[PDB]
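S.K.: Residue numbers (the deposited numbering), protein chains in the order written: chain A, 1523 to 1711; chain B, 345 to 535, 607 to 933; chain C, 345 to 393; chain D, 983 to 1375; chain E, 1081 to 1178; chain F, 1228 to 1326.
For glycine and all other residues, C-beta sits at the position ideal for the given N, C-alpha and C.
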Amino acid sequence: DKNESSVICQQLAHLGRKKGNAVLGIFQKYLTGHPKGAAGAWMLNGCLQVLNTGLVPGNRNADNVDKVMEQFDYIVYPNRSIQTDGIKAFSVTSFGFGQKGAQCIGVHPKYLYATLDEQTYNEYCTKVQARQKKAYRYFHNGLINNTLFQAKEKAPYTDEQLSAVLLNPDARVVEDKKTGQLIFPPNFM
Amino acid sequence: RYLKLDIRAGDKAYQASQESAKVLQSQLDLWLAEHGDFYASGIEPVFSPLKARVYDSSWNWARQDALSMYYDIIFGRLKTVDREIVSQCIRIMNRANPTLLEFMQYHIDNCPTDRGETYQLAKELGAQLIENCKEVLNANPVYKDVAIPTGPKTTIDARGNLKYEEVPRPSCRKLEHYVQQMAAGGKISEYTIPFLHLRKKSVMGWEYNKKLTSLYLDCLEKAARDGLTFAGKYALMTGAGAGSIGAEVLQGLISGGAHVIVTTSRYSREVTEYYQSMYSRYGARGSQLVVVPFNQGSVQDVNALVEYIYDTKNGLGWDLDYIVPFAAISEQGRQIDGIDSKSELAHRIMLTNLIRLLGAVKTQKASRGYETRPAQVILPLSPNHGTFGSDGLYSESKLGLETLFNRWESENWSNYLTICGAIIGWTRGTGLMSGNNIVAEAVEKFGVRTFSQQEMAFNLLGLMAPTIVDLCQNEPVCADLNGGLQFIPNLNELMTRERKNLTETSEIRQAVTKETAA
Amino acid sequence: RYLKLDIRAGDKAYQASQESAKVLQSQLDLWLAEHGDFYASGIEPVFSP
Amino acid sequence: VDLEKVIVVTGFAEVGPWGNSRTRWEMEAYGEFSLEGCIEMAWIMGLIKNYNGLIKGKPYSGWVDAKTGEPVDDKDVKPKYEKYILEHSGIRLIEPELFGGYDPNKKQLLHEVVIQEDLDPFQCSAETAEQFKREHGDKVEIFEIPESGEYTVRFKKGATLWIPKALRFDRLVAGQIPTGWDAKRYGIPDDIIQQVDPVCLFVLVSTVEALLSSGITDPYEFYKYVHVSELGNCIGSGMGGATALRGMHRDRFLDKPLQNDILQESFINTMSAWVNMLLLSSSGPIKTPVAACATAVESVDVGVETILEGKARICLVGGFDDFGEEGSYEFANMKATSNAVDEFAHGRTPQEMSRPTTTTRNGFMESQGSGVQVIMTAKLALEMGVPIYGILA
Amino acid sequence: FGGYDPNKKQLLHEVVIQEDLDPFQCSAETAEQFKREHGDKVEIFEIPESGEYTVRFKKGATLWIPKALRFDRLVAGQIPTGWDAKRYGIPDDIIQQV
Amino acid sequence: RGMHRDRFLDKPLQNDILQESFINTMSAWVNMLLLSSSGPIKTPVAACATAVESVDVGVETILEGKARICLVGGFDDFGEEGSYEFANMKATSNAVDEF
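#1: Counting along the chain, where does the beta strand (DSSP E) carrying D:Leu1298 start and finish?
#2: Do the stretch 857 to 869 of chain B and the stretch 811 to 827 of chain B make contact, defined as three or more Cβ pairs closer than 8 Å?
#3: In whole angstroms, give me the CA-to-CA distance for E:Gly1162 and F:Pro1239.
#4: Could you give the first and the last residue of the continuous alpha helix (DSSP H) run that contains B:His762?
#5: Are there 16 or more other CB atoms within 10 angstroms of the CB of B:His762, so buried, or fewer, so exposed?
#6: Quick one: give me the first and last residue of the alpha helix (DSSP H) that B:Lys626 is part of.
#7: With a cut-off of 8 Å on the beta carbons, I'd call B:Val705 and B:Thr687 a contact; round off their distance for me.
#8: Going by C-alpha to C-alpha distance, which of D:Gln1350, D:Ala1111 and D:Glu1129 sits closest to D:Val1122?
#9: Using only CA atoms, which one of D:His1093, D:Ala1224, D:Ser1211 and D:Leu1236 lies nearest to D:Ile1250?
#10: Taking a cut of 7 Å between CB atoms, which residues from the stretch 1215 to 1236 of chain D lie near chain F?
#11: Considering only the alpha carbon of each residue, which of E:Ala1156, E:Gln1105, E:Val1155 and E:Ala1141 lies closest to E:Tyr1133?
#12: Below 6 Å CB to CB, which residues in the same chain sit around D:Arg1232 once its five sequence neighbours on both sides are set aside?
#13: Check this for me: beta carbons of A:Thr1637 and D:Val983, under 9 Å apart or not?
#14: If you check the beta carbons only, do B:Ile418 and B:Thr462 fall under 9 Å apart?
#15: Please state the DSSP three-state secondary structure of D:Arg1004.
#16: Between F:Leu1260 and chain D, is the shortest Cβ-Cβ distance under 9 Å, so that the two count as touching?
#17: So A:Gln1550 and A:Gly1568 are in contact, right, with Cβ under 8 Å, and what is the actual spacing, rounded?
#18: Closest Cβ-Cβ distance between E:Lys1138 and chain D: below 9 Å?
#19: Would you mind sorting residue 929 of chain D into buried or exposed? The rule is 16 or more other CB atoms within 10 Å of its CB.
#20: Rounded to whole angstroms, how far is the Cβ of D:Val1257 from the Cβ of D:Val1368, which I believe are closer than 8 Å?
#21: Going by DSSP in three states, E:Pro1146 sits in which element: helix, strand or coil?
#22: Determine contact between the stretch 653 to 667 of chain B and the stretch 367 to 384 of chain B, defined as no fewer than three beta-carbon pairs at a distance below 8 Å.
#23: Any beta carbon from chain D within less than 9 Å of B:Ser392's own beta carbon?
#24: Could you give the distance in angstroms between the alpha-carbon of A:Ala1657 and the alpha-carbon of A:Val1650?
#25: When you compare each of B:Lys488, B:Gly386, B:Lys395 and B:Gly504 to B:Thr928 by their alpha carbons, which one comes out closest?
#26: Just grab the DSSP bridge partners of B:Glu510 for me.
#27: Determine the chain A residues that contact D:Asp1303 at a beta-carbon separation under 7 Å, and present them in chain order.
#28: Which same chain residues end up closer than 6 Å to B:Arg427 when comparing Cβ atoms and leaving out the 5 residues on each side of it in sequence?
#29: Would you mind giving the Cβ-Cβ distance between D:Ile1073 and D:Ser1336, rounded to the nearest angstrom? I have them listed as a contact below 8 Å.
#30: For residue 956 of chain D, return the contacting residues in chain F, with the cut-off set at a CB-CB distance below 7 Å.
#31: With 9 Å as the C-beta to C-beta threshold (strictly closer), list the residues of the stretch 1303 to 1336 of chain D near chain F in chain order.
#32: Suppose you measure from the CA of D:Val1284 to the CA of A:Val1590; what does that come to, to the nearest Å?
#33: Taking a contact to mean a Cβ-Cβ separation below 9 Å, would you say D:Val991 touches D:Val1356 in this structure?
#34: Roughly how many angstroms lie between the CA atoms of D:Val1323 and B:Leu760, to the nearest whole one?
#35: Okay, do the stretch 1540 to 1554 of chain A and the stretch 1594 to 1601 of chain A touch, 3+ Cβ pairs below 8 Å being the bar?
#36: Less than 9 Å separating the beta-carbons of D:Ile1145 and E:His1118?
What follows is the structure, given as structure tokens:
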């Protein structure tokens, strides 16, 4: 905990983060424990939810912050959740056994949308909206019937098509209008 | 026989063991026959240094609170400078440090005022708070209370239904006005004697002393205006649970910068979270809160607590400036025929082990020669000398404490301790008096003052002010904080009558309501 | 074995009795630690019609 | 920017001590479950179910208690079951049933004893007798049961024997999947549930949940837009299937029953293979990172990487690990995990034992589960109109 | 391979106790551990001279015994016999640790 | 093996033995004693195909610019238990039948 706080402060300082501009620290393992190989995923999922809500969760087990952490001025250690007016970017870090340090940086989706034109944006809106309705519906159906998961059996192709699908990179399925399945149509070539 | 073996020997040893059992059993029987289960269980040791919780990270909570306040203004949750904001500003000021100033300055310098009135307001109020924090950066933290002094109000609705509430007093908007009212007294204290006053030992007993009273009232007036600092003071507190006077006194001490060890007879996560939340809110720069399990019924816990406080290797290594031994058990419903094992335990906690706790502190101070640091004992006395009735050995315990006044002069421990006996009057909302809250409004109409936990805590912290501590080194101080209840004849009969008066009125409206329904 | 007999059983019962002893002993210790001998002896009944 | 060289997260999920990413976020953000959260957890834990048909001859459709079949209203789920949910989710004392019987107060070890007198004989197949004779040599003595062709066997002084003993361990607490969690409720068939290691089940469901949080009901949807070569998988783990890993050494050495290809379930790649097999049919690149604690980030990296190199246009990323008797023991030997006995002496509850940055912090609490994200190019995400939760900068 | 012979592949087999066993000796701790694993078929009593303990097992507890099976994979591609990292200069401490 | 089997038989052990069971540890050792590198370290797993996966991941990482040199390839041991399970899979040749 000391080493990681030092590393983050050193990164921020040496890139010239403005004094007083401290990052809000998240410490999820107080709540979930440590699921070793899964760990970063939960942390990443939480950071995506932070981007979505503007809410930064706190470490409820942080009863007294270690005095050695006071020197890490670029970090705040919250013990309760803090609502902000939005989050632009987050960092995730990990220190695996065998000296494996790992780090990743996420940015808020608005910055991507700000690279499109308004029409392209609105068309995307349309699709995600339609899809959302379909998803909500499917979800309830699977839930009520204990069938969210539903495994495949057949390939979308057949054993003659097999190699040819493997060799025509423009091969695409269609929805079969009789079964509703997605299949490589017999004339896909 | 050829092998020199025998089975019966095993049984012989077993029989001897029966005798061991019967021997020991008899003694338990004899013990229990003179003590009772409530006593037996109430005296077991629970003190453990491993279970100590220490809170000192006020620097981190200051940044969190400053940021929370910034966003609460932005979201329009905070629109007007109310006393709650002023109180929060005082708490941030008491925690001010250079890193916090840099942190606040960054947010205010980069506040986007173009986004609306709330951002502009956040910038203006933040700049004012930054400047206030710079002014107090090198000043010691001070306890300064900005809440409104309340009074009891008991209402019966039109249907006949009772509700108790603490309401702001129309005549008292600030603690300065409160001190003025306390100094003025009431019609019931006309020869006026102030509702809060100091007594001096005379040949005929403890009498009202105008000079000492003026010193204490001046301390309270200064405390109301300028605040009280306890920076670099060490305090031992017993009886600071939720809804106690001790909890409010604890808030004052840690906000003034004290190092406080607080004791609990029930150690659990919820209790530690309560104290944690108190420290996160009220802890100042350089204050420290230590929470430990402690049973004031056990001589061993008493010894172990005092040893842990004084031990420099495995303990806190402190030296105490103050003692607030306010632990108490409710004995309500016990008359002369009902003095039980619980009354013995209550008496032991409130009198016998309190005296031992003091003796243990003396022993440490004497053994290490700290003769120029006598501790002030705020000694919790009661105006109830059996006048409430049906309260077990409570009156006897409180009267028994009064003897310490004389013992300070007649024994050889004055060099290590000094006594400040507070006669604590009726304090509303406490676990000992909550059942009487409904009649407190009626009692005040007779011209006496009842107190909120806040008001009483403010009075007590005033006894810890430097001028009073110096006085205690001259002579034991007796502080009458009773609010004039001693001038009401037959308090129990009056209380019983008013409790009836409420009930009748309530019942009549309820009967009419119920009949109207039928 | 043919007679369904055993010596060790006597010891087993005796061990249980050790536990009886230790159990009761602890309580005396706890009692005395908060009372003292002058108290203990000073509270015994002597009344006899 | 080139949208073909921007990578985005488009859906994600997890299986963990607080259920899934939603229920975990309620506890992380607010510290209590909502109505929905309580229902979801009650369903996950098998406390409740939908019914639709006749009850007691009357028609009914709606929620019922999972044991009695009595109707239940939503409003009553939280009051009726939240206490049980909180007692049987998150960081808590080890429940041995979730580990097939492992109790840290009774950790079994085997100890040797040497024979001091020729043993009383016992009976077996000729084959078993020969096997004893082969392992023990000349202290073993075998002779027919001439009536049956079985054999009876004696051991002699100077051979040896091995005997179980129990040790009390000091890691009594863990972050555990909610008690009663069952892959079957999602629709995974009983045959697969019996064949695969539990971490595979965690991964499969985290994957499907991520698909649904991406708004996709059938992975073959991709094959409208992209070629079956262009879909990759880079999910990985700290280690493979702990059941298979252990069983292959320990339990086969005790001659217990087994499904025979068990070795394959011990490999890390196998969970990724299963995801592909049953859901995807992909031809694309599949890679397998390993970094014990950091593996999920390694996966996310390798994914971004592979898409940027063009070898895939979508990847499934993230990772998993289990909790087990042996892993718990070795991380205690490393003094990496918190000592539950010491924490109890310091007056800490199981939920307080993991407390990063605090003065009194003394190690992590071990946990199990999986977490998965769906990543793809921003251009593709826009083409298919999937939601976007963040940009991987 | 530190002794592994495919003609003598070792496996462990159970046997159940049919008569109370002849006793044997150990530390108190080991005795307690037996008592903990086997429960009421295990019986422990002091060696009062030393503070060690002696232990009996009773009918109805169990025991585990090595047996050998002949396996059919007798051949492998193996590093040259006598290969040693030390000859390259790798120190004995690392050779023992990894 | 030792961590399951031999500790269950209460034999002597060096205590951090678990770490030597992880795939990444051999790569860590190469770095530790010879390289002092700060650069990226990655760990492929593909039972038989792992060396190619390594070579790929290497080429890849250099092309992405995150390294300019990489050490690539792989390993595996031969053991009692592995031999038994690949016979159960009928993947290895039967020496008795071959004789």
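M.R.: Well, looking at it:
#1: It spans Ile1296 to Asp1303 - the beta strand (DSSP E) in which D:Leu1298 sits, taken as one unbroken run.
#2: Touching, no.
#3: The straight-line gap from Cα to Cα measures roughly 26 Å.
#4: For B:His762, the enclosing alpha helix (DSSP H) stretches over residues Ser756 to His762.
#5: Classification for B:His762: buried.
#6: From DSSP, the alpha helix (DSSP H) with B:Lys626 extends over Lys625 to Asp641.
#7: That belief does not hold up - the Cβ atoms of B:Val705 and B:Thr687 are roughly 12 Å apart, past 8 Å.
#8: Proximity to D:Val1122 across D:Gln1350, D:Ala1111 and D:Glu1129 peaks at D:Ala1111, based on C-alpha coordinates.
#9: The shortest C-alpha to C-alpha distance from D:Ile1250 to any of D:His1093, D:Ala1224, D:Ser1211 and D:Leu1236 is the one to D:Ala1224.
#10: Going along the stretch 1215 to 1236 of chain D in chain order, one finds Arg1228, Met1230, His1231, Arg1232 and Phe1235 with a Cβ nearer than 7 Å to chain F.
#11: Nearest option by C-alpha distance: E:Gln1105.
#12: Within its own chain, no residue has a Cβ closer than 6 Å to the Cβ of D:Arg1232 once the five positions on either side in sequence are excluded.
#13: Yes. Within cutoff.
#14: Closer than 9 Å, so yes.
#15: Note: D:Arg1004 maps to helix in three-state DSSP.
#16: No, no contact with chain D.
#17: Contact between A:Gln1550 and A:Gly1568 holds, with the beta-carbon distance rounding to 6 Å and staying under 8 Å.
#18: No, E:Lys1138 lies away from the interface with chain D (no Cβ there is under 9 Å from its Cβ).
#19: Nothing about residue 929 of chain D can be read from this structure; chain D reaches only from 983 to 1375.
#20: About 19 Å separates the CB atoms of D:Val1257 and D:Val1368; that is not less than 8 Å, and the two are not in contact.
#21: E:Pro1146: strand per DSSP, three-state reduction.
#22: Too few Cβ pairs lie closer than 8 Å, so no.
#23: Yes, because at least one Cβ of chain D sits closer than 9 Å to the Cβ of B:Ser392.
#24: The straight-line gap separating the alpha-carbon atoms of A:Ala1657 and A:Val1650 is approximately 10 Å.
#25: Residue B:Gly504 is the option with its Cα nearest to B:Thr928.
#26: DSSP, once it has assigned bridges, lists B:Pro496 as partnering B:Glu510.
#27: Chain A residues near D:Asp1303: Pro1557, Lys1558, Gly1559 and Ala1560.
#28: Sequence-distant Cβ neighbours of B:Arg427 in its own chain, meaning closer than 6 Å and more than five residues away, are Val490.
#29: About 6 Å; that satisfies the 8 Å criterion.
#30: This structure leaves residue 956 of chain D out entirely; chain D is present only between 983 and 1375.
#31: Taking 9 Å as the Cβ-Cβ cut-off against chain F, the residues of the stretch 1303 to 1336 of chain D that qualify are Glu1308, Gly1309, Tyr1311, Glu1312, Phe1313, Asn1315 and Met1316.
#32: Rounded to the nearest angstrom, the two C-alpha atoms are 36 Å apart.
#33: The answer is yes: Cβ separation under 9 Å.
#34: Cα to Cα, the separation comes out at about 33 Å.
#35: The stretch 1540 to 1554 of chain A makes contact with the stretch 1594 to 1601 of chain A; the number of CB pairs closer than 8 Å reaches 3 or more.
#36: The answer is yes: Cβ separation under 9 Å.
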